[PDB]
$ cat upload05.cif   # mmCIF, C-alpha atoms and all ligand atoms
data_input
loop_
_atom_site.label_atom_id
_atom_site.label_comp_id
_atom_site.auth_asym_id
_atom_site.auth_seq_id
_atom_site.Cartn_x
_atom_site.Cartn_y
_atom_site.Cartn_z
CA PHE W 1 9.07 -121.84 47.39
CA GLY W 2 5.89 -119.95 47.06
CA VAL W 3 6.10 -116.27 47.74
CA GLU W 4 2.50 -115.60 48.75
CA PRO W 5 1.40 -115.64 52.43
CA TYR W 6 -0.74 -118.56 53.42
CA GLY W 7 -4.43 -117.85 54.04
CA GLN W 8 -6.24 -114.56 54.75
CA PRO W 9 -4.97 -112.10 57.40
CA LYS W 10 -7.30 -111.65 60.39
CA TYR W 11 -7.01 -109.23 63.27
CA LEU W 12 -8.10 -109.03 66.86
CA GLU W 13 -7.41 -106.30 69.35
CA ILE W 14 -5.55 -107.52 72.42
CA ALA W 15 -4.94 -104.95 75.15
CA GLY W 16 -5.73 -102.16 72.75
CA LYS W 17 -3.31 -103.35 70.05
CA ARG W 18 -4.21 -105.17 66.83
CA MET W 19 -2.66 -108.54 66.45
CA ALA W 20 -2.60 -110.26 63.08
CA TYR W 21 -2.97 -114.01 62.50
CA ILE W 22 -3.88 -116.81 60.09
CA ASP W 23 -6.71 -119.20 61.09
CA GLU W 24 -7.80 -121.72 58.47
CA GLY W 25 -9.53 -125.05 58.46
CA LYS W 26 -11.36 -126.96 61.14
CA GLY W 27 -10.65 -129.41 63.94
CA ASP W 28 -8.03 -129.78 66.59
CA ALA W 29 -5.55 -126.92 66.43
CA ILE W 30 -2.04 -126.98 64.84
CA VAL W 31 -0.39 -123.78 66.00
CA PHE W 32 2.73 -122.47 64.22
CA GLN W 33 4.78 -119.86 66.04
CA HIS W 34 7.58 -117.78 64.47
CA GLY W 35 10.43 -115.96 66.21
CA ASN W 36 12.90 -113.21 65.42
CA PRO W 37 12.85 -111.35 62.98
CA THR W 38 10.13 -113.19 61.13
CA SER W 39 6.28 -113.50 61.18
CA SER W 40 3.57 -116.01 60.22
CA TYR W 41 5.06 -115.59 56.70
CA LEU W 42 7.78 -118.02 57.75
CA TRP W 43 5.27 -120.93 57.68
CA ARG W 44 3.60 -120.17 54.30
CA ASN W 45 5.21 -123.18 52.49
CA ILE W 46 4.75 -125.52 55.45
CA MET W 47 1.12 -124.98 56.44
CA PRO W 48 -0.32 -126.37 53.15
CA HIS W 49 1.05 -129.80 54.17
CA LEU W 50 -1.32 -129.85 57.14
CA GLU W 51 -4.53 -129.11 55.28
CA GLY W 52 -7.22 -131.50 56.35
CA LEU W 53 -5.35 -132.53 59.48
CA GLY W 54 -6.65 -129.75 61.71
CA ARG W 55 -7.29 -126.04 62.24
CA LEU W 56 -4.15 -124.23 61.16
CA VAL W 57 -3.26 -121.15 63.23
CA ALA W 58 -0.21 -118.87 62.87
CA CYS W 59 0.03 -115.56 64.80
CA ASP W 60 2.25 -112.56 64.36
CA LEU W 61 3.97 -111.49 67.57
CA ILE W 62 3.36 -107.96 68.85
CA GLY W 63 5.52 -105.44 66.93
CA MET W 64 6.03 -108.04 64.20
CA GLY W 65 4.44 -109.05 60.91
CA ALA W 66 1.10 -107.28 60.53
CA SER W 67 0.68 -106.76 64.24
CA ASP W 68 0.66 -103.28 65.78
CA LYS W 69 3.69 -101.59 67.24
CA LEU W 70 3.78 -100.67 70.89
CA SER W 71 4.00 -96.99 71.67
CA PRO W 72 5.92 -95.22 73.14
CA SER W 73 8.56 -97.78 72.35
CA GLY W 74 12.02 -98.10 73.83
CA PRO W 75 14.44 -100.43 75.49
CA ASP W 76 11.97 -101.53 78.20
CA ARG W 77 9.45 -102.78 75.60
CA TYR W 78 9.03 -106.17 73.83
CA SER W 79 10.61 -108.16 76.60
CA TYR W 80 9.91 -111.87 76.70
CA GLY W 81 7.24 -111.28 79.33
CA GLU W 82 5.50 -108.59 77.32
CA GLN W 83 5.59 -110.68 74.17
CA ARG W 84 4.19 -113.63 76.20
CA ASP W 85 1.37 -111.47 77.68
CA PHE W 86 0.19 -110.46 74.19
CA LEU W 87 0.57 -113.86 72.53
CA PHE W 88 -0.99 -115.94 75.32
CA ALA W 89 -3.97 -113.57 75.34
CA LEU W 90 -4.42 -113.95 71.59
CA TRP W 91 -4.20 -117.73 71.92
CA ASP W 92 -6.90 -117.59 74.68
CA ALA W 93 -9.11 -115.44 72.41
CA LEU W 94 -8.82 -117.99 69.60
CA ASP W 95 -10.25 -120.90 71.69
CA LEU W 96 -7.69 -123.43 70.55
CA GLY W 97 -9.13 -126.38 72.40
CA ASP W 98 -7.34 -129.20 74.22
CA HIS W 99 -5.56 -131.29 71.59
CA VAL W 100 -3.11 -128.70 70.37
CA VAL W 101 -0.10 -129.57 68.23
CA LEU W 102 2.50 -126.85 68.49
CA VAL W 103 4.92 -126.18 65.64
CA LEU W 104 7.77 -123.99 66.94
CA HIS W 105 10.91 -122.04 65.91
CA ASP W 106 13.42 -119.68 67.73
CA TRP W 107 11.62 -117.41 70.27
CA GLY W 108 8.35 -119.03 69.13
CA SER W 109 9.76 -122.21 70.76
CA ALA W 110 10.44 -120.47 74.12
CA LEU W 111 6.91 -119.03 74.03
CA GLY W 112 5.37 -122.37 72.94
CA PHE W 113 7.30 -124.58 75.32
CA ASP W 114 6.38 -122.17 78.14
CA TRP W 115 2.71 -122.29 77.08
CA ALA W 116 2.71 -126.09 76.89
CA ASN W 117 4.39 -126.44 80.30
CA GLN W 118 1.60 -124.14 81.72
CA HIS W 119 -1.16 -126.04 79.84
CA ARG W 120 0.09 -129.63 79.83
CA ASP W 121 -3.39 -131.09 79.54
CA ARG W 122 -4.14 -129.17 76.34
CA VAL W 123 -1.08 -130.15 74.26
CA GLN W 124 -1.10 -133.30 72.11
CA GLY W 125 2.41 -133.03 70.59
CA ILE W 126 5.17 -130.57 69.83
CA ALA W 127 7.22 -130.24 66.66
CA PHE W 128 10.25 -127.93 66.97
CA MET W 129 13.23 -126.75 65.01
CA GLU W 130 16.15 -124.44 65.76
CA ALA W 131 14.60 -123.85 69.14
CA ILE W 132 15.60 -122.42 72.53
CA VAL W 133 15.96 -125.52 74.66
CA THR W 134 18.59 -124.73 77.38
CA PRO W 135 20.58 -121.84 78.76
CA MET W 136 23.63 -121.27 76.62
CA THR W 137 27.17 -120.03 76.63
CA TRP W 138 28.79 -118.25 73.68
CA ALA W 139 30.45 -121.58 72.92
CA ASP W 140 27.02 -122.80 71.84
CA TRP W 141 26.43 -119.85 69.52
CA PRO W 142 27.27 -119.90 65.84
CA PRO W 143 30.82 -118.52 65.44
CA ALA W 144 30.08 -116.29 62.49
CA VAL W 145 27.58 -114.24 64.50
CA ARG W 146 28.99 -114.17 67.98
CA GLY W 147 30.27 -110.62 67.58
CA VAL W 148 27.04 -109.40 66.05
CA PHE W 149 24.89 -110.82 68.92
CA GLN W 150 27.33 -109.49 71.57
CA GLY W 151 26.92 -106.22 69.74
CA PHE W 152 23.12 -106.40 70.00
CA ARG W 153 23.56 -107.07 73.75
CA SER W 154 25.31 -103.74 74.25
CA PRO W 155 24.52 -100.06 73.62
CA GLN W 156 25.72 -100.64 70.04
CA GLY W 157 22.49 -102.63 69.53
CA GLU W 158 20.37 -99.46 68.98
CA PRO W 159 22.28 -98.29 65.94
CA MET W 160 22.77 -101.84 64.70
CA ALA W 161 19.08 -102.72 64.76
CA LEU W 162 17.14 -99.45 64.76
CA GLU W 163 19.33 -97.53 62.26
CA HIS W 164 20.95 -100.26 60.20
CA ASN W 165 18.29 -103.04 60.51
CA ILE W 166 21.11 -105.63 60.71
CA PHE W 167 18.89 -108.43 62.01
CA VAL W 168 16.66 -108.28 58.93
CA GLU W 169 19.31 -107.24 56.36
CA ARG W 170 22.23 -109.40 57.41
CA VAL W 171 21.36 -112.05 60.06
CA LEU W 172 18.25 -113.42 58.36
CA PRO W 173 19.74 -113.95 54.91
CA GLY W 174 23.04 -115.10 56.40
CA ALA W 175 21.20 -117.99 58.06
CA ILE W 176 19.39 -119.30 54.95
CA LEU W 177 21.37 -121.46 52.47
CA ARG W 178 19.40 -120.36 49.44
CA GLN W 179 18.96 -116.78 48.27
CA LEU W 180 15.53 -115.44 48.92
CA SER W 181 13.74 -113.73 46.07
CA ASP W 182 13.32 -110.00 46.31
CA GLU W 183 9.63 -110.60 46.79
CA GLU W 184 10.19 -112.89 49.79
CA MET W 185 12.72 -110.53 51.28
CA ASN W 186 10.23 -107.66 50.89
CA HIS W 187 7.73 -109.58 53.01
CA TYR W 188 10.32 -109.95 55.80
CA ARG W 189 11.37 -106.28 55.46
CA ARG W 190 7.78 -104.91 55.43
CA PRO W 191 7.31 -104.63 59.25
CA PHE W 192 10.70 -102.94 59.60
CA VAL W 193 11.00 -100.60 56.58
CA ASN W 194 10.96 -97.54 58.82
CA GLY W 195 14.08 -96.71 60.78
CA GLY W 196 13.81 -96.33 64.52
CA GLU W 197 11.49 -97.96 67.04
CA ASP W 198 9.57 -99.98 64.48
CA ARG W 199 12.66 -102.25 64.63
CA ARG W 200 12.71 -102.53 68.44
CA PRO W 201 11.42 -106.12 68.59
CA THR W 202 14.43 -107.29 66.51
CA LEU W 203 16.75 -105.84 69.21
CA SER W 204 14.78 -106.75 72.31
CA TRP W 205 14.71 -110.42 71.32
CA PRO W 206 18.50 -111.00 71.22
CA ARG W 207 18.76 -109.21 74.53
CA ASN W 208 16.54 -111.89 76.04
CA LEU W 209 18.66 -114.85 74.87
CA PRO W 210 19.79 -116.92 77.90
CA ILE W 211 23.56 -116.67 77.52
CA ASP W 212 26.10 -116.89 80.37
CA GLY W 213 23.31 -116.64 82.92
CA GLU W 214 21.69 -113.46 81.66
CA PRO W 215 18.93 -112.45 81.71
CA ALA W 216 18.38 -114.50 84.77
CA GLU W 217 14.62 -114.50 84.41
CA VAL W 218 14.84 -116.13 80.96
CA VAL W 219 17.48 -118.60 82.12
CA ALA W 220 15.06 -119.58 84.89
CA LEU W 221 12.08 -119.90 82.48
CA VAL W 222 14.00 -122.18 80.11
CA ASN W 223 15.33 -124.29 82.98
CA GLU W 224 11.76 -124.75 84.12
CA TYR W 225 10.23 -125.79 80.87
CA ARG W 226 13.19 -128.00 79.83
CA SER W 227 13.00 -129.84 83.16
CA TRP W 228 9.46 -130.91 82.01
CA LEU W 229 10.50 -131.69 78.41
CA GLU W 230 13.21 -133.97 79.77
CA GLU W 231 10.68 -136.21 81.46
CA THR W 232 7.32 -135.85 79.77
CA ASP W 233 5.94 -138.56 77.55
CA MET W 234 4.37 -135.87 75.36
CA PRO W 235 5.14 -136.82 71.77
CA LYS W 236 7.91 -134.70 70.21
CA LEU W 237 9.16 -134.18 66.65
CA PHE W 238 12.71 -132.75 66.48
CA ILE W 239 13.50 -131.28 63.15
CA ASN W 240 17.31 -131.11 63.11
CA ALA W 241 19.17 -128.86 60.67
CA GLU W 242 22.51 -129.40 58.91
CA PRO W 243 24.61 -127.44 59.44
CA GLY W 244 22.12 -125.86 61.87
CA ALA W 245 22.84 -122.85 64.06
CA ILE W 246 21.47 -122.87 67.59
CA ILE W 247 20.82 -126.57 67.93
CA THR W 248 24.26 -128.04 67.16
CA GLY W 249 27.00 -129.72 69.17
CA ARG W 250 26.21 -130.43 72.79
CA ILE W 251 22.76 -128.84 72.55
CA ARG W 252 21.87 -131.19 69.73
CA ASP W 253 23.09 -134.11 71.91
CA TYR W 254 20.95 -132.80 74.75
CA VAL W 255 17.72 -132.49 72.76
CA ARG W 256 18.23 -136.05 71.49
CA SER W 257 18.06 -137.18 75.11
CA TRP W 258 14.42 -136.22 75.44
CA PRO W 259 11.84 -138.93 75.63
CA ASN W 260 9.15 -140.01 73.11
CA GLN W 261 10.83 -138.12 70.30
CA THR W 262 11.62 -138.82 66.68
CA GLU W 263 13.65 -136.70 64.36
CA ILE W 264 14.57 -135.85 60.86
CA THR W 265 17.46 -133.80 59.49
CA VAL W 266 16.93 -131.14 56.87
CA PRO W 267 19.40 -128.87 55.09
CA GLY W 268 19.46 -125.44 56.74
CA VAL W 269 21.22 -123.06 59.07
CA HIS W 270 18.65 -121.25 61.29
CA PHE W 271 15.60 -120.25 59.18
CA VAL W 272 15.19 -123.84 57.98
CA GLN W 273 11.72 -123.24 56.65
CA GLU W 274 13.26 -121.26 53.83
CA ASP W 275 15.58 -124.13 52.71
CA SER W 276 13.50 -127.26 53.39
CA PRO W 277 9.71 -126.50 53.64
CA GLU W 278 8.48 -129.64 51.81
CA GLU W 279 10.49 -132.01 54.03
CA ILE W 280 9.43 -130.17 57.18
CA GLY W 281 5.76 -130.06 56.20
CA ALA W 282 5.76 -133.72 55.27
CA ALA W 283 7.31 -134.72 58.57
CA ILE W 284 4.86 -132.67 60.65
CA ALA W 285 1.95 -134.16 58.68
CA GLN W 286 3.18 -137.67 59.34
CA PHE W 287 3.55 -136.80 63.03
CA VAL W 288 0.10 -135.38 63.28
CA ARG W 289 -1.45 -138.35 61.37
CA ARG W 290 0.15 -140.73 63.86
CA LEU W 291 -1.21 -138.62 66.71
CA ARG W 292 -4.74 -138.20 65.19
CA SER W 293 -5.54 -140.32 62.11
CA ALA W 294 -7.78 -143.31 62.78
CL CL S 301 17.13 -113.24 68.83
#
$ encode --input "upload05.cif" --output "structure tokens" --more "lines below"
Ligand SMILES: [Cl-]
Amino acid sequence: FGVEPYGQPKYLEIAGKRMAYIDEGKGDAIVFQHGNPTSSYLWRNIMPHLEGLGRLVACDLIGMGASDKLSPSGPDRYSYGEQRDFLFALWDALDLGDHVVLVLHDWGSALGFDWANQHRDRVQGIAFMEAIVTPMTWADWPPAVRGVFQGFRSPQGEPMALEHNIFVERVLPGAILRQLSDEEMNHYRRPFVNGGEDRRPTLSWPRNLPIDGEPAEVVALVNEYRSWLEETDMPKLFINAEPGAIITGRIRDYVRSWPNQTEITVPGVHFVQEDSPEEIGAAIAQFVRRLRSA
């Protein structure tokens, strides 16, 4: 468990806002996308396993990591669609090519599965873990954090996230089996040290989760892309977690139904990269070698 970020930070302005990203190596792209409340930092111990297998790209979502904050910020900002507009523009700017392997977690999986479904001819394979794969009910959601996420999805969410930073301070470490070092935790806290709107992305994201049919637009998006995943012969690598968090139970059964997929299981809850980076990295490398090595 290295504490240092991978690679050098780079920035490009997208719609007048700086977006930060890692871009190392050469060849066909391997694109790692984080979710909430993380950044490219999440992949620092995984990316080294793919050196020499492609061009390794990991972007920080708008409002997250080293990327700029939107202003004026408020409850109408950092929706799925807004996040998608920024990210997909950054990916276009980076000229990723047409043999992309996506490596996806959490909201990074909704964004990446959506991108792949819109660019089917440019995606070579998808590796995913603890991903958003189907509309949910609360029965699918980890029991220990049902009240907290229902809380986020109410007016209580503003104090919880913007004042108390509960996503970063409580949800993130609660969903890692090991204890992070102070140094690692400081990297996850850095984008969100200031109280108030700086923390808005951490609150907007849970409000987009497709749970009991709301928000309908996200439910519809996920139904669309999963309808493709269910039938496509695109190669897939499912990294299961034990105990896991959002892919457990019937959702885990469902993902296992998808075609042209292999899996592994690693120890972890939600932020599996922080419990099992060597096993994850090794599996993705083996996947990519099978797809590419000759
Ligand atoms: Cl979330």
$ closest_residue --input "upload05.cif" --among "W:127, W:139, W:203, W:222" --to "residue W:261" --atoms "only C-alpha atoms"
W:127
$ residues_near_ligand --input "upload05.cif" --ligand "ligand CL 301 (chain S)" --cutoff "6 Å" --atoms "all atoms listed in the file" --output "PDB file with C-alpha atoms, in the frame of the given file"
ATOM      1  CA  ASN W  36      12.900-113.210  65.420  1.00  0.00           C
ATOM      2  CA  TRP W 205      14.710-110.420  71.320  1.00  0.00           C
ATOM      3  CA  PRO W 206      18.500-111.000  71.220  1.00  0.00           C
TER       4      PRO W 206
END
$ residues_around --input "upload05.cif" --residues "residue W:125" --least-positions-apart "3" --cutoff "6 Å" --atoms "all atoms listed in the file" --output "short mmCIF file (atom, residue, chain, number, x, y, z; two decimals) with C-alpha atoms, in the coordinates of the input"
data_model
loop_
_atom_site.label_atom_id
_atom_site.label_comp_id
_atom_site.auth_asym_id
_atom_site.auth_seq_id
_atom_site.Cartn_x
_atom_site.Cartn_y
_atom_site.Cartn_z
CA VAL W 101 -0.10 -129.57 68.23
CA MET W 234 4.37 -135.87 75.36
CA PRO W 235 5.14 -136.82 71.77
CA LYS W 236 7.91 -134.70 70.21
#
$ residues_near_point --input "upload05.cif" --point "(5.8, -138.6, 59.8)" --cutoff "12 Å" --atoms "only C-alpha atoms" --output "short mmCIF file (atom, residue, chain, number, x, y, z; two decimals) with C-alpha atoms, in the frame of the given file"
data_model
loop_
_atom_site.label_atom_id
_atom_site.label_comp_id
_atom_site.auth_asym_id
_atom_site.auth_seq_id
_atom_site.Cartn_x
_atom_site.Cartn_y
_atom_site.Cartn_z
CA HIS W 49 1.05 -129.80 54.17
CA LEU W 50 -1.32 -129.85 57.14
CA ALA W 127 7.22 -130.24 66.66
CA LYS W 236 7.91 -134.70 70.21
CA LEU W 237 9.16 -134.18 66.65
CA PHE W 238 12.71 -132.75 66.48
CA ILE W 239 13.50 -131.28 63.15
CA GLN W 261 10.83 -138.12 70.30
CA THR W 262 11.62 -138.82 66.68
CA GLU W 263 13.65 -136.70 64.36
CA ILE W 264 14.57 -135.85 60.86
CA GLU W 279 10.49 -132.01 54.03
CA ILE W 280 9.43 -130.17 57.18
CA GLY W 281 5.76 -130.06 56.20
CA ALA W 282 5.76 -133.72 55.27
CA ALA W 283 7.31 -134.72 58.57
CA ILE W 284 4.86 -132.67 60.65
CA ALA W 285 1.95 -134.16 58.68
CA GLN W 286 3.18 -137.67 59.34
CA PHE W 287 3.55 -136.80 63.03
CA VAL W 288 0.10 -135.38 63.28
CA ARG W 289 -1.45 -138.35 61.37
CA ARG W 290 0.15 -140.73 63.86
CA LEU W 291 -1.21 -138.62 66.71
CA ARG W 292 -4.74 -138.20 65.19
CA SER W 293 -5.54 -140.32 62.11
#
$ closest_residue --input "upload05.cif" --among "W:110, W:81, W:12, W:48" --to "residue W:217" --atoms "all atoms listed in the file"
W:81
$ residues_around --input "upload05.cif" --residues "stretch 157-171 of chain W" --least-positions-apart "2" --cutoff "6 Å" --atoms "all atoms listed in the file" --output "ChimeraX atom specification"
/W:151-152,154-155,173-174,195-196,199,203
$ closest_atom_pairs --input "upload05.cif" --of "stretch 105-203 of chain W" --to "stretch 26-31 of chain W" --cutoff "12 Å" --atoms "all atoms listed in the file" --output "JSON lines"
{"residue": "W:105", "atom": "CA", "partner": "W:31", "partner_atom": "CA", "distance": 11.4}
{"residue": "W:108", "atom": "CA", "partner": "W:31", "partner_atom": "CA", "distance": 10.4}
{"residue": "W:109", "atom": "CA", "partner": "W:31", "partner_atom": "CA", "distance": 11.3}
{"residue": "W:111", "atom": "CA", "partner": "W:31", "partner_atom": "CA", "distance": 11.8}
{"residue": "W:112", "atom": "CA", "partner": "W:31", "partner_atom": "CA", "distance": 9.1}
{"residue": "W:115", "atom": "CA", "partner": "W:31", "partner_atom": "CA", "distance": 11.6}
{"residue": "W:116", "atom": "CA", "partner": "W:31", "partner_atom": "CA", "distance": 11.6}
{"residue": "W:122", "atom": "CA", "partner": "W:29", "partner_atom": "CA", "distance": 10.3}
{"residue": "W:123", "atom": "CA", "partner": "W:29", "partner_atom": "CA", "distance": 9.6}
{"residue": "W:124", "atom": "CA", "partner": "W:28", "partner_atom": "CA", "distance": 9.5}
{"residue": "W:125", "atom": "CA", "partner": "W:30", "partner_atom": "CA", "distance": 9.5}
{"residue": "W:126", "atom": "CA", "partner": "W:30", "partner_atom": "CA", "distance": 9.5}
{"residue": "W:127", "atom": "CA", "partner": "W:30", "partner_atom": "CA", "distance": 10.0}
{"residue": "W:128", "atom": "CA", "partner": "W:31", "partner_atom": "CA", "distance": 11.5}
$ closest_residue --input "upload05.cif" --among "W:245, W:219, W:14, W:3" --to "residue W:142" --atoms "all atoms listed in the file"
W:245
$ closest_residue --input "upload05.cif" --among "W:88, W:141, W:57, W:277" --to "residue W:119" --atoms "only C-alpha atoms"
W:88
$ atom_distance --input "upload05.cif" --atom1 "atom CA of residue W:87" --atom2 "atom CA of residue W:153"
24.0 Å
$ closest_residue --input "upload05.cif" --among "W:41, W:78, W:149, W:1" --to "residue W:181" --atoms "all atoms listed in the file"
W:1
$ atom_distance --input "upload05.cif" --atom1 "atom CA of residue W:247" --atom2 "atom CA of residue W:63"
26.1 Å
$ axis_aligned_box --input "upload05.cif" --around "stretch 104-117 of chain W" --padding-each-side "6 Å" --output "JSON"
{"center_x": 8.1, "center_y": -121.9, "center_z": 73.1, "size_x": 22.7, "size_y": 21.0, "size_z": 26.4}
$ residues_around --input "upload05.cif" --residues "residue W:136" --least-positions-apart "4" --cutoff "10 Å" --atoms "only C-alpha atoms" --output "MDAnalysis selection string"
chainID W and resid 132 140:141 209:214 219 246 251
$ decode --input "upload05.cif" --residues "stretch 100-113 of chain W" --atoms "C-alpha atoms" --output "mmCIF file, in the first residue's frame"
data_model
loop_
_atom_site.group_PDB
_atom_site.id
_atom_site.type_symbol
_atom_site.label_atom_id
_atom_site.label_comp_id
_atom_site.auth_asym_id
_atom_site.auth_seq_id
_atom_site.Cartn_x
_atom_site.Cartn_y
_atom_site.Cartn_z
ATOM 1 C CA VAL W 100 -10.016 1.047 -24.941
ATOM 2 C CA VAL W 101 -10.029 -1.127 -21.826
ATOM 3 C CA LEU W 102 -12.125 0.479 -19.135
ATOM 4 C CA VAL W 103 -11.406 -0.140 -15.459
ATOM 5 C CA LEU W 104 -14.417 1.019 -13.406
ATOM 6 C CA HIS W 105 -15.724 1.545 -9.842
ATOM 7 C CA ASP W 106 -18.962 3.047 -8.278
ATOM 8 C CA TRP W 107 -20.165 6.132 -10.255
ATOM 9 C CA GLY W 108 -17.106 5.668 -12.497
ATOM 10 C CA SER W 109 -18.847 2.429 -13.624
ATOM 11 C CA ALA W 110 -22.129 4.224 -14.515
ATOM 12 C CA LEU W 111 -20.119 6.819 -16.458
ATOM 13 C CA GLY W 112 -17.917 4.155 -18.120
ATOM 14 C CA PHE W 113 -20.687 1.722 -18.971
#
